[PDB]
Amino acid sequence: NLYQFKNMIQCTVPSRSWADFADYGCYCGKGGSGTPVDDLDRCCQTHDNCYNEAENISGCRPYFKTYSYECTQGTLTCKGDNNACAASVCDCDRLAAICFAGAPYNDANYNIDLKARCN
């Protein structure tokens, strides 16, 4: 779920408030359209698409589905006890958190005008 995804970001990016990623570019947060503005936005575009795919699984709701994962000693791992829905969503979240940690954060791209800039 989103609480778990937030804790994944706190584990891989402990310099910064998860809220920094909640409204960035065209894809991070609410947005899901237009041309990704940078590398970080591209992480979010892949994450958004990943969730759309997981939604094809019967009864699978990536926003709410609780999966099993661990984050210790610099390592994020989705555990073996996950069903097909949990496993897919966990992996979407894990790959995004890792992506976030490697991409540069441009303060100019936070809270941009989606209606104007994400067509």
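Just count from 1 along the sequence shown to find any residue number.
Here the stretch with the larger average CA B-factor, out of 22 to 30 and 58 to 66, is 22 to 30.
83 to 91 and 32 to 40 differ in mean CA B-factor, and the higher of the two is recorded for 32 to 40. Sorting the modelled residues of the chain by their CA temperature factor places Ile9 in the middle third. Ranked within its chain, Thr75 lands in the middle third, by CA B factor from the PDB record. In this PDB entry, the Cα temperature factor of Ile98 sits in the middle third of its chain's modelled residues.
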